[PDB]
Each structure stands twice: as structure tokens, then as C-alpha cells.
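Asks: As input, take entry20.txt (compact mmCIF, C-alpha atoms and all ligand atoms):
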# COMPACT_ATOMS: atom_id res chain seq x y z
CA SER A 1 -162.80 198.41 -48.95
CA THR A 2 -163.14 194.64 -49.48
CA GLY A 3 -161.01 191.54 -49.14
CA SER A 4 -161.17 188.08 -50.70
CA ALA A 5 -159.02 185.08 -49.66
CA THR A 6 -159.04 181.42 -50.63
CA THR A 7 -159.47 178.88 -47.83
CA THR A 8 -158.01 175.39 -48.32
CA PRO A 9 -158.70 172.07 -46.53
CA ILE A 10 -155.82 170.95 -44.29
CA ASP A 11 -156.30 167.26 -45.32
CA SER A 12 -158.36 164.86 -47.42
CA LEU A 13 -161.25 164.81 -44.88
CA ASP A 14 -161.79 168.64 -44.63
CA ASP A 15 -160.88 168.45 -40.93
CA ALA A 16 -160.34 172.23 -41.03
CA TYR A 17 -159.56 174.99 -43.49
CA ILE A 18 -156.61 177.38 -43.59
CA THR A 19 -156.47 180.85 -45.07
CA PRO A 20 -153.25 182.84 -45.62
CA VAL A 21 -152.98 186.02 -43.51
CA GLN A 22 -150.28 188.69 -43.80
CA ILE A 23 -149.00 189.99 -40.43
CA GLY A 24 -146.43 192.73 -39.93
CA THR A 25 -144.01 194.72 -42.06
CA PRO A 26 -142.52 193.23 -44.12
CA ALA A 27 -145.39 190.73 -44.32
CA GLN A 28 -145.11 187.42 -42.55
CA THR A 29 -147.69 185.05 -44.08
CA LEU A 30 -149.26 182.57 -41.68
CA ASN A 31 -151.99 180.05 -42.45
CA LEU A 32 -154.81 180.60 -39.97
CA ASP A 33 -157.99 178.73 -39.13
CA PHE A 34 -160.84 181.25 -39.53
CA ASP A 35 -163.20 180.47 -36.67
CA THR A 36 -166.70 182.03 -36.45
CA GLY A 37 -167.01 180.34 -33.03
CA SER A 38 -164.26 182.31 -31.25
CA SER A 39 -162.91 185.84 -31.05
CA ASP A 40 -159.12 185.71 -30.65
CA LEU A 41 -156.56 186.12 -33.43
CA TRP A 42 -153.64 184.11 -32.06
CA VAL A 43 -150.51 182.76 -33.71
CA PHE A 44 -147.58 180.48 -33.21
CA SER A 45 -144.68 182.79 -32.58
CA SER A 46 -141.01 183.29 -31.71
CA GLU A 47 -142.31 183.21 -28.08
CA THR A 48 -143.97 179.76 -28.33
CA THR A 49 -142.26 177.12 -26.12
CA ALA A 50 -139.87 175.45 -28.59
CA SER A 51 -140.99 171.84 -27.72
CA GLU A 52 -144.61 172.86 -28.62
CA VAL A 53 -143.73 173.92 -32.18
CA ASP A 54 -143.55 171.11 -34.80
CA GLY A 55 -143.53 172.50 -38.35
CA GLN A 56 -145.79 175.57 -37.97
CA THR A 57 -144.79 178.91 -39.44
CA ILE A 58 -144.22 181.40 -36.62
CA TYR A 59 -144.82 185.11 -36.29
CA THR A 60 -141.67 186.97 -35.08
CA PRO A 61 -142.72 190.40 -33.86
CA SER A 62 -139.10 191.59 -33.51
CA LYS A 63 -138.82 191.31 -37.34
CA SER A 64 -141.89 193.55 -37.91
CA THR A 65 -141.32 197.32 -38.00
CA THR A 66 -145.02 197.87 -37.20
CA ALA A 67 -145.29 195.47 -34.23
CA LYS A 68 -145.80 197.02 -30.77
CA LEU A 69 -146.07 195.07 -27.47
CA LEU A 70 -149.52 195.69 -25.96
CA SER A 71 -147.99 196.24 -22.53
CA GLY A 72 -149.49 194.14 -19.71
CA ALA A 73 -151.99 192.31 -21.95
CA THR A 74 -152.32 188.53 -21.71
CA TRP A 75 -154.71 185.99 -23.16
CA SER A 76 -155.75 182.43 -22.50
CA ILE A 77 -158.36 180.37 -24.36
CA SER A 78 -159.81 176.86 -24.23
CA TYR A 79 -161.83 175.33 -27.10
CA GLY A 80 -164.75 172.86 -27.31
CA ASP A 81 -162.33 170.00 -28.23
CA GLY A 82 -160.25 170.44 -25.00
CA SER A 83 -157.39 172.33 -26.77
CA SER A 84 -155.87 175.54 -25.40
CA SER A 85 -153.32 178.28 -25.87
CA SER A 86 -152.17 181.39 -24.07
CA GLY A 87 -149.65 184.15 -24.25
CA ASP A 88 -149.07 187.87 -24.63
CA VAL A 89 -150.23 190.44 -27.19
CA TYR A 90 -148.79 192.67 -29.92
CA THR A 91 -150.53 195.12 -32.15
CA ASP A 92 -149.55 194.95 -35.81
CA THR A 93 -150.87 195.39 -39.33
CA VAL A 94 -152.93 192.39 -40.50
CA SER A 95 -154.15 191.84 -44.06
CA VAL A 96 -156.57 189.22 -45.36
CA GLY A 97 -157.14 188.95 -49.08
CA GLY A 98 -156.07 192.56 -49.70
CA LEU A 99 -158.08 194.04 -46.75
CA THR A 100 -155.74 195.67 -44.21
CA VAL A 101 -156.32 196.51 -40.55
CA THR A 102 -153.78 198.58 -38.66
CA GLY A 103 -153.42 198.14 -34.91
CA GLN A 104 -154.95 194.63 -34.85
CA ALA A 105 -154.33 192.68 -31.66
CA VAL A 106 -152.16 189.69 -32.59
CA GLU A 107 -152.10 187.29 -29.65
CA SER A 108 -148.67 185.61 -29.55
CA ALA A 109 -148.73 182.08 -28.08
CA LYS A 110 -146.31 181.22 -25.31
CA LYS A 111 -148.07 177.87 -24.76
CA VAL A 112 -150.27 175.68 -26.93
CA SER A 113 -151.87 172.29 -26.14
CA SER A 114 -150.80 169.04 -27.82
CA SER A 115 -153.60 169.14 -30.47
CA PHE A 116 -152.14 172.41 -31.88
CA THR A 117 -148.53 171.20 -31.78
CA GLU A 118 -149.53 168.00 -33.63
CA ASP A 119 -151.18 169.94 -36.49
CA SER A 120 -148.22 171.43 -38.50
CA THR A 121 -150.75 172.85 -41.06
CA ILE A 122 -152.37 175.43 -38.69
CA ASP A 123 -150.26 178.45 -37.66
CA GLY A 124 -152.99 180.01 -35.52
CA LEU A 125 -156.63 181.05 -35.38
CA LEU A 126 -158.49 184.11 -36.59
CA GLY A 127 -161.69 184.49 -34.62
CA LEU A 128 -164.83 185.88 -36.27
CA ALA A 129 -167.38 185.59 -33.46
CA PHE A 130 -168.40 188.70 -31.52
CA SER A 131 -165.66 190.64 -29.74
CA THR A 132 -167.41 190.14 -26.37
CA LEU A 133 -165.74 186.65 -26.35
CA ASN A 134 -162.19 187.95 -26.85
CA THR A 135 -159.99 186.71 -23.98
CA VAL A 136 -157.40 189.54 -23.80
CA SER A 137 -157.00 190.93 -20.27
CA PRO A 138 -157.15 193.51 -18.83
CA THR A 139 -158.32 195.34 -21.98
CA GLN A 140 -160.52 193.18 -24.25
CA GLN A 141 -159.60 193.45 -27.94
CA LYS A 142 -161.60 193.56 -31.17
CA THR A 143 -161.71 190.90 -33.88
CA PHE A 144 -160.25 191.56 -37.33
CA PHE A 145 -163.84 191.89 -38.63
CA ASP A 146 -164.90 194.33 -35.95
CA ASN A 147 -161.77 196.46 -36.67
CA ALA A 148 -162.34 196.31 -40.47
CA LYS A 149 -166.12 196.88 -40.36
CA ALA A 150 -166.32 200.70 -40.62
CA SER A 151 -163.95 200.60 -43.67
CA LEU A 152 -165.85 197.84 -45.53
CA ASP A 153 -168.22 198.60 -48.40
CA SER A 154 -170.90 196.52 -46.53
CA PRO A 155 -170.49 195.28 -42.90
CA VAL A 156 -170.47 191.60 -43.87
CA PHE A 157 -168.24 188.65 -44.46
CA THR A 158 -169.13 185.45 -46.28
CA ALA A 159 -167.99 181.87 -45.94
CA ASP A 160 -168.03 179.63 -48.98
CA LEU A 161 -166.31 176.42 -47.88
CA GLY A 162 -165.53 173.67 -50.37
CA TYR A 163 -166.18 169.93 -50.14
CA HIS A 164 -162.78 168.34 -50.59
CA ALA A 165 -161.79 171.57 -52.42
CA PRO A 166 -160.77 175.15 -51.72
CA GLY A 167 -163.35 177.86 -51.02
CA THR A 168 -163.46 181.55 -50.24
CA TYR A 169 -163.82 184.04 -47.40
CA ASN A 170 -164.93 187.47 -48.61
CA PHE A 171 -165.10 190.66 -46.53
CA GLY A 172 -167.26 193.66 -47.34
CA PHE A 173 -169.29 192.34 -50.28
CA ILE A 174 -171.60 189.50 -51.33
CA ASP A 175 -170.43 187.73 -54.54
CA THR A 176 -173.77 187.21 -56.33
CA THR A 177 -172.00 184.70 -58.70
CA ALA A 178 -171.07 182.37 -55.79
CA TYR A 179 -174.56 180.95 -55.03
CA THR A 180 -177.75 179.79 -56.74
CA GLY A 181 -181.27 181.08 -56.04
CA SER A 182 -181.75 183.62 -53.27
CA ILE A 183 -180.15 184.16 -49.86
CA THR A 184 -182.51 183.54 -46.92
CA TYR A 185 -181.70 185.66 -43.92
CA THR A 186 -182.45 184.61 -40.35
CA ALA A 187 -182.19 186.31 -36.96
CA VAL A 188 -179.08 186.10 -34.81
CA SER A 189 -178.78 186.29 -31.05
CA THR A 190 -175.45 187.69 -29.84
CA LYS A 191 -176.26 186.95 -26.16
CA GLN A 192 -173.59 184.17 -25.91
CA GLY A 193 -171.15 185.98 -28.31
CA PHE A 194 -171.79 183.54 -31.17
CA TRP A 195 -173.55 183.66 -34.53
CA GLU A 196 -176.50 181.89 -32.88
CA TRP A 197 -179.63 181.28 -34.92
CA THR A 198 -182.63 178.91 -35.06
CA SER A 199 -183.06 176.36 -37.81
CA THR A 200 -186.66 175.55 -38.74
CA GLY A 201 -186.21 171.78 -38.96
CA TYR A 202 -184.68 168.88 -40.79
CA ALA A 203 -185.17 165.97 -43.12
CA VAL A 204 -183.21 162.71 -43.53
CA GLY A 205 -182.66 161.63 -47.12
CA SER A 206 -185.86 161.76 -49.18
CA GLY A 207 -187.95 161.72 -45.93
CA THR A 208 -190.54 164.25 -44.89
CA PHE A 209 -189.35 167.53 -43.43
CA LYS A 210 -189.82 167.77 -39.64
CA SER A 211 -190.70 171.34 -38.58
CA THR A 212 -188.94 171.94 -35.27
CA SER A 213 -186.84 174.82 -33.87
CA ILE A 214 -183.12 173.94 -33.48
CA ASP A 215 -181.07 176.70 -31.86
CA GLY A 216 -177.37 176.51 -32.72
CA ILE A 217 -174.29 178.39 -33.83
CA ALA A 218 -172.69 178.84 -37.24
CA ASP A 219 -169.09 177.75 -36.46
CA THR A 220 -166.47 177.49 -39.21
CA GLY A 221 -163.90 176.28 -36.67
CA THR A 222 -165.86 173.10 -35.85
CA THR A 223 -165.51 170.24 -38.33
CA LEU A 224 -168.78 168.35 -37.78
CA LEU A 225 -172.54 168.98 -37.43
CA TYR A 226 -173.61 168.55 -33.78
CA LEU A 227 -177.39 168.30 -33.27
CA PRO A 228 -179.81 167.02 -30.63
CA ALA A 229 -179.70 163.30 -29.95
CA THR A 230 -183.22 162.80 -31.30
CA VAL A 231 -182.25 164.28 -34.71
CA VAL A 232 -178.97 162.42 -34.86
CA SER A 233 -180.59 159.06 -33.98
CA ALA A 234 -183.19 159.62 -36.70
CA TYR A 235 -180.38 160.20 -39.24
CA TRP A 236 -178.22 157.19 -38.34
CA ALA A 237 -181.27 154.88 -38.10
CA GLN A 238 -181.36 155.16 -41.93
CA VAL A 239 -177.82 153.63 -42.26
CA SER A 240 -177.63 149.81 -41.89
CA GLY A 241 -175.15 148.89 -39.20
CA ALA A 242 -174.61 152.45 -37.85
CA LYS A 243 -174.27 152.73 -34.10
CA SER A 244 -173.06 155.04 -31.39
CA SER A 245 -169.72 153.79 -30.04
CA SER A 246 -168.63 155.03 -26.56
CA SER A 247 -165.14 153.56 -27.35
CA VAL A 248 -164.76 155.70 -30.54
CA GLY A 249 -166.70 158.71 -29.18
CA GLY A 250 -169.70 158.96 -31.50
CA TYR A 251 -171.63 157.41 -34.34
CA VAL A 252 -169.77 155.08 -36.67
CA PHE A 253 -171.05 153.29 -39.74
CA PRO A 254 -169.88 150.58 -42.11
CA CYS A 255 -167.52 151.96 -44.68
CA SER A 256 -169.53 149.92 -47.26
CA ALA A 257 -172.61 152.15 -46.65
CA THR A 258 -174.06 154.81 -48.90
CA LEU A 259 -175.10 157.72 -46.62
CA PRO A 260 -178.35 159.61 -47.04
CA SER A 261 -178.42 163.37 -47.35
CA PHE A 262 -179.42 165.64 -44.47
CA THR A 263 -181.53 168.76 -44.98
CA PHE A 264 -181.77 171.66 -42.53
CA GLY A 265 -184.24 174.54 -42.64
CA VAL A 266 -183.42 178.23 -42.84
CA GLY A 267 -186.79 179.97 -42.54
CA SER A 268 -188.86 178.51 -45.43
CA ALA A 269 -185.66 177.59 -47.33
CA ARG A 270 -183.79 174.28 -47.21
CA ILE A 271 -180.04 173.47 -47.37
CA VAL A 272 -179.21 169.93 -48.44
CA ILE A 273 -176.02 168.30 -47.16
CA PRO A 274 -175.16 165.46 -49.56
CA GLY A 275 -174.47 162.10 -47.92
CA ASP A 276 -170.84 162.13 -49.05
CA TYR A 277 -170.23 165.22 -46.90
CA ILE A 278 -171.14 163.15 -43.78
CA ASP A 279 -168.38 160.53 -44.37
CA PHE A 280 -165.25 161.15 -42.29
CA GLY A 281 -163.59 157.89 -43.30
CA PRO A 282 -162.09 155.01 -41.35
CA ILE A 283 -161.83 155.46 -37.59
CA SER A 284 -158.23 154.18 -37.79
CA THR A 285 -156.13 153.38 -40.73
CA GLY A 286 -157.46 150.31 -42.57
CA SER A 287 -160.64 149.96 -40.47
CA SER A 288 -163.97 149.13 -42.09
CA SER A 289 -165.73 151.31 -39.48
CA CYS A 290 -166.13 154.92 -40.59
CA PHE A 291 -166.74 158.00 -38.49
CA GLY A 292 -169.92 160.01 -39.00
CA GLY A 293 -170.11 163.68 -39.73
CA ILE A 294 -173.36 164.23 -37.86
CA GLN A 295 -172.93 163.71 -34.09
CA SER A 296 -174.92 164.38 -30.94
CA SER A 297 -174.58 167.73 -29.20
CA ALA A 298 -175.96 166.27 -25.95
CA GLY A 299 -172.54 166.43 -24.12
CA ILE A 300 -171.72 170.03 -25.41
CA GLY A 301 -174.58 172.34 -24.20
CA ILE A 302 -175.09 173.87 -27.72
CA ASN A 303 -175.91 172.71 -31.23
CA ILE A 304 -173.14 173.47 -33.72
CA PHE A 305 -173.60 173.98 -37.46
CA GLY A 306 -169.93 173.27 -38.23
CA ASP A 307 -168.21 172.78 -41.55
CA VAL A 308 -170.25 169.72 -42.58
CA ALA A 309 -173.32 171.96 -42.70
CA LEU A 310 -171.72 175.25 -43.72
CA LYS A 311 -169.82 173.77 -46.69
CA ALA A 312 -173.23 172.90 -48.25
CA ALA A 313 -174.15 176.65 -48.36
CA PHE A 314 -173.00 180.12 -49.20
CA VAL A 315 -173.18 181.77 -45.76
CA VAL A 316 -173.47 185.51 -45.08
CA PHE A 317 -172.37 186.79 -41.69
CA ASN A 318 -174.12 190.18 -41.60
CA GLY A 319 -172.51 192.40 -38.95
CA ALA A 320 -174.92 195.32 -39.29
CA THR A 321 -176.22 197.03 -36.09
CA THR A 322 -178.73 194.12 -35.88
CA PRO A 323 -176.71 191.09 -37.04
CA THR A 324 -178.27 188.39 -39.23
CA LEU A 325 -177.13 185.20 -41.01
CA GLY A 326 -177.90 184.43 -44.61
CA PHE A 327 -177.84 181.01 -46.32
CA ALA A 328 -178.03 180.19 -49.99
CA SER A 329 -177.61 176.94 -51.92
CA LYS A 330 -174.66 176.77 -54.31
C1 LIG B 1 -157.91 173.08 -35.42
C2 LIG B 1 -158.79 173.34 -34.23
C3 LIG B 1 -159.85 174.24 -34.33
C4 LIG B 1 -160.63 174.56 -33.23
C5 LIG B 1 -160.36 173.98 -32.01
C6 LIG B 1 -159.34 173.05 -31.90
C7 LIG B 1 -158.55 172.72 -32.99
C8 LIG B 1 -157.44 171.70 -32.85
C9 LIG B 1 -157.88 170.29 -33.29
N1 LIG B 1 -157.29 169.80 -34.37
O1 LIG B 1 -158.73 169.66 -32.65
NA NA B 2 -162.18 162.68 -34.67
Please express what this file holds, its structure, as C-alpha cells.
Ligand SMILES: Cc1ccccc1CC(N)=O
Ligand code: NA
Replies:
Amino acid sequence: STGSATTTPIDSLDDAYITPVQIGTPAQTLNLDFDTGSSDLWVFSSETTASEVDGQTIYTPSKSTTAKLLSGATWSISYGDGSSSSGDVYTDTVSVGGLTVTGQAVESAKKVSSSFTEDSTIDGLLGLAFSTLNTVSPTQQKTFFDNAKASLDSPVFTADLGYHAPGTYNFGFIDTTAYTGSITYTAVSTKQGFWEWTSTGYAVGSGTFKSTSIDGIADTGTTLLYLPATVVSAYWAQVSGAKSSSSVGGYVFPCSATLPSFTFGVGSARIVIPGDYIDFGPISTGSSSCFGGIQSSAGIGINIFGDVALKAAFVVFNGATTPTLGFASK
């Protein structure tokens, strides 16, 4: 089997991407944030505290003939940005892009933090990291990918995110029309439950490539590129008037600037992030200070190849017995 779904920016900055997901019978379509940095499929629901819902579409398990309470199971998650949700668990039929899983754990939110409530465009998350991170207790549950894997034509999914445009998530096949050149595969460590890999180095603009190992995660649910402070300083040093602002919470630059590209290594291959991808616009409405898309990881504990980086590539998440990542230009 295979599946193929379009993923769409939630706003003009590509702050996140939503993908329609069918849950239940008859189908209830919710727009979920596909997140390769977490492992819970959770949704706004008929159980979510009413004051914490503001425009989301909700899953109502009582309207699904295939929903079953997973008796005694609870979940609770906290994300890198300080956001959180928790609740109880149903099993139900879940379909993405024509690929169906029966008996998928659907984590129904009873509580969500303010950041979720304030985003009407995101009805929940679909985690695509390793199932060892799933938070369901007392019986840990599998991701949609892990449940689909044995049925897929190939045990893979691919992320092809757009710059200010829709893109695609495919399951079970590699669309050879979706990228240019060849795919370079690189080793993955699953020790922390992430798609963790080692970049071979970087370049700023037309500058020389610096060969250096940068260990980080491929995380579709993180907007920006978070790298070591040395790398980030070297990038922003090439932008007149850029500075790190403690008041704003990262590097800002004059909105009059033209940003250089950023290149990262994948083995002997190179992925180029155009400068425009690194512009996240005014820090507040009407400001002439703009927020940068490359930020320091120093206060995180891990480097994160988030959407800024991933949207510059066709990315293969190879879930074979020994997982690997693949990157191609596009
Ligand atoms: C949308 C999302 C994804 C991962 C973590 C947290 C969020 C909420 C946010 N807007 O900061
Ligand atoms: Na921000």
C-alpha cells in the first residue's frame, strides 16, 4: 500500500504545515501537524476543555462507529516551545492520503496549552519520530508510520515541504519525479527516539565549505533551523546590522537586508537553503526588524534541522530495520 497527502502552510511565513487526516467512521477530517520530532497522534476533541478550543475542528469519538476507548490509557506531552497537551486515548481507523491504519491510537486532548488554543489552524499533531517516545501510559502506543509499515510497499515516508507553497508527504514509495539529481543517504541514531543524523558541515553564502560534524534531528514540527552558536554567528556576521536580541529571543536583522544562502552537508552532497527561506518577517507588525530563520541551539541541548532546512530538500525517512535519512535537492 501507499499514501500521498498534500501539506499546506498555516500562514504566509510557513510557521507550520497542516495535512488533512481522516479519523473514524464516517470520516472526520482534521488538519494535523505532521511532526518527525514527536511520537503521539493527538487531536482536539469533544473532550477538550471548552475554553481551550478556539476555532479548531474536533474529533468526536462518540460519532465514530469504529472508535473504542483504550481503557485506562492516558497521555501527556510537552514540546520544545513550552507547549503541552494531555488526555485519554481511543483506538480508531486513521487514513492519510488513501493509506488506512485500523486500531491506531488517537490521543484525545482534555487539556491543551495556550499556544495550541491560539492556533485555530492546527487540529492536532501526528508524530513520526520513533514509537519509543510515545507518551501513552501504561501501554505505550505505536505511531501511524510504525502501524502502517508492514503494509507499505517500502518502509519509508518522504517529506517534500514547500517554500510559501504546499508540498507533499508520501508513505510507502519514493516519487523519483519530486527531486533532482540523486538522494544521498546518511546514518540515523535512534538512541534518543529521533531521526538523528550528522551533517558534514556548512557554508554561508558563496563562502568556503567548513567540514565539521553537526549532530542534529530532522524535525518537521520545528519551524526554524537551530545550530551551534559558532555556526549561527558566522551566518549572521554576513548580514549588516544583524544582532542577537535577548528582548526578542534570537537573531534579528534589518528588513532592508538581502540574506545570504546557507548550505549544509549530507555526506559529500550539499543542500542549499536560499536566503529568502531564512526571512521570518517583522518581529511585530510594522517593525523594520525582522526575525531570522537560523537561530542558536545553545539553550536547547540538540541541533534541529527544522522546516527552514527541510523545505530546501526532498527528505526520505527510511524506516527499514536499520533506519537512514536521505536528502536530495529539488
Ligand atoms: C504548532 C506547534 C508545533 C510543535 C510544537 C508546538 C507548536 C505550537 C506553536 N505554535 O508553538
Ligand atoms: Na517566533
Asks: Just give me the gap between atom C9 of ligand LIG 1 (chain B) and atom CA of residue A:167 in Å, one decimal is fine.
Replies: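 Computed distance, atom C9 of ligand LIG 1 (chain B) to atom CA of residue A:167, equals 20.0 Å.
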Asks: Report the closest atom pair, with its distance in Å rounded to one decimal, for each residue of stretch 33-57 of chain A that has an atom no farther than 12 Å from stretch 148-165 of chain A; count only C-alpha atoms, sort by chain and then rising residue number, and write it as CSV.
Replies:
residue,atom,partner,partner_atom,distance
A:34,CA,A:159,CA,9.6
A:35,CA,A:159,CA,10.5
A:36,CA,A:159,CA,9.6
Asks: Can you write just those residues out, C-alpha atoms, as a short mmCIF file (atom, residue, chain, number, x, y, z; two decimals), in the coordinates of the input?
Replies:
data_model
loop_
_atom_site.label_atom_id
_atom_site.label_comp_id
_atom_site.auth_asym_id
_atom_site.auth_seq_id
_atom_site.Cartn_x
_atom_site.Cartn_y
_atom_site.Cartn_z
CA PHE A 34 -160.84 181.25 -39.53
CA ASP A 35 -163.20 180.47 -36.67
CA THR A 36 -166.70 182.03 -36.45
#
Asks: Pick the closest to residue A:182 from A:326, A:3, A:20, A:207: which is it, counting only C-alpha atoms?
Replies: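 Ranking A:326, A:3, A:20, A:207 by distance to residue A:182, first place goes to A:326.
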Asks: Determine, using all atoms listed in the file, which residues of chain A have any atom at most 10 Å from an atom of ligand NA 2 (chain B), and tabulate each with its shortest atom pair and distance in Å to one decimal place, rows ordered by chain and then rising number, as JSON lines.
Replies:
{"residue": "A:15", "atom": "CA", "partner": "B:NA2", "partner_atom": "NA", "distance": 8.6}
{"residue": "A:81", "atom": "CA", "partner": "B:NA2", "partner_atom": "NA", "distance": 9.8}
{"residue": "A:223", "atom": "CA", "partner": "B:NA2", "partner_atom": "NA", "distance": 9.0}
{"residue": "A:224", "atom": "CA", "partner": "B:NA2", "partner_atom": "NA", "distance": 9.2}
{"residue": "A:248", "atom": "CA", "partner": "B:NA2", "partner_atom": "NA", "distance": 8.5}
{"residue": "A:249", "atom": "CA", "partner": "B:NA2", "partner_atom": "NA", "distance": 8.1}
{"residue": "A:250", "atom": "CA", "partner": "B:NA2", "partner_atom": "NA", "distance": 9.0}
{"residue": "A:280", "atom": "CA", "partner": "B:NA2", "partner_atom": "NA", "distance": 8.4}
{"residue": "A:281", "atom": "CA", "partner": "B:NA2", "partner_atom": "NA", "distance": 10.0}
{"residue": "A:283", "atom": "CA", "partner": "B:NA2", "partner_atom": "NA", "distance": 7.8}
{"residue": "A:284", "atom": "CA", "partner": "B:NA2", "partner_atom": "NA", "distance": 9.9}
{"residue": "A:291", "atom": "CA", "partner": "B:NA2", "partner_atom": "NA", "distance": 7.6}
{"residue": "A:292", "atom": "CA", "partner": "B:NA2", "partner_atom": "NA", "distance": 9.3}
{"residue": "A:293", "atom": "CA", "partner": "B:NA2", "partner_atom": "NA", "distance": 9.5}
Asks: For residue A:313, work out the shell of residues within 7 Å, counting only C-alpha atoms and skipping chain neighbours fewer than 4 positions away, then give it as a PDB file with C-alpha atoms, keeping the file's coordinate frame.
Replies:
ATOM      1  CA  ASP A 160    -168.030 179.630 -48.980  1.00  0.00           C
ATOM      2  CA  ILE A 271    -180.040 173.470 -47.370  1.00  0.00           C
ATOM      3  CA  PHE A 327    -177.840 181.010 -46.320  1.00  0.00           C
ATOM      4  CA  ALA A 328    -178.030 180.190 -49.990  1.00  0.00           C
ATOM      5  CA  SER A 329    -177.610 176.940 -51.920  1.00  0.00           C
ATOM      6  CA  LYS A 330    -174.660 176.770 -54.310  1.00  0.00           C
TER       7      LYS A 330
END
Asks: Pick out the closest residue to residue A:60 from this set: A:131, A:48, A:256, A:247. Count all atoms listed in the file.
Replies: A:48
Asks: Please determine, counting all atoms listed in the file, which residue among A:231, A:304, A:290, A:27 has the shortest atom-to-atom distance to residue A:64.
Replies: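 Of the candidates, the smallest distance to residue A:64 is held by A:27.
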Asks: Report as a ChimeraX atom specification which protein, DNA and RNA residues come within 6 Å of ligand LIG 1 (chain B), using only C-alpha atoms and all ligand atoms.
Replies: /A:79,81,83,115-116,221
Asks: May I ask which of the residues A:117, A:31, A:134, A:289 is the closest one to residue A:244, counting only C-alpha atoms?
Replies: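 Of A:117, A:31, A:134, A:289, the one nearest residue A:244, counting only C-alpha atoms, is A:289.
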Asks: Using Å and a single decimal, report how far atom CA of residue A:14 sits from atom CA of residue A:55.
Replies: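 Distance between the two atoms: 19.7 Å.
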Asks: Hey, which of A:126, A:69, A:273, A:204 ends up closest to residue A:19? Count only C-alpha atoms.
Replies: A:126
Asks: Could you give me, as a PyMOL selection string, the residues within 12 Å of residue A:28, counting all atoms listed in the file and dropping anything in the same chain fewer than 2 positions from it?
Replies: chain A and resi 20-26+30-31+43-45+57-67+92-96+123
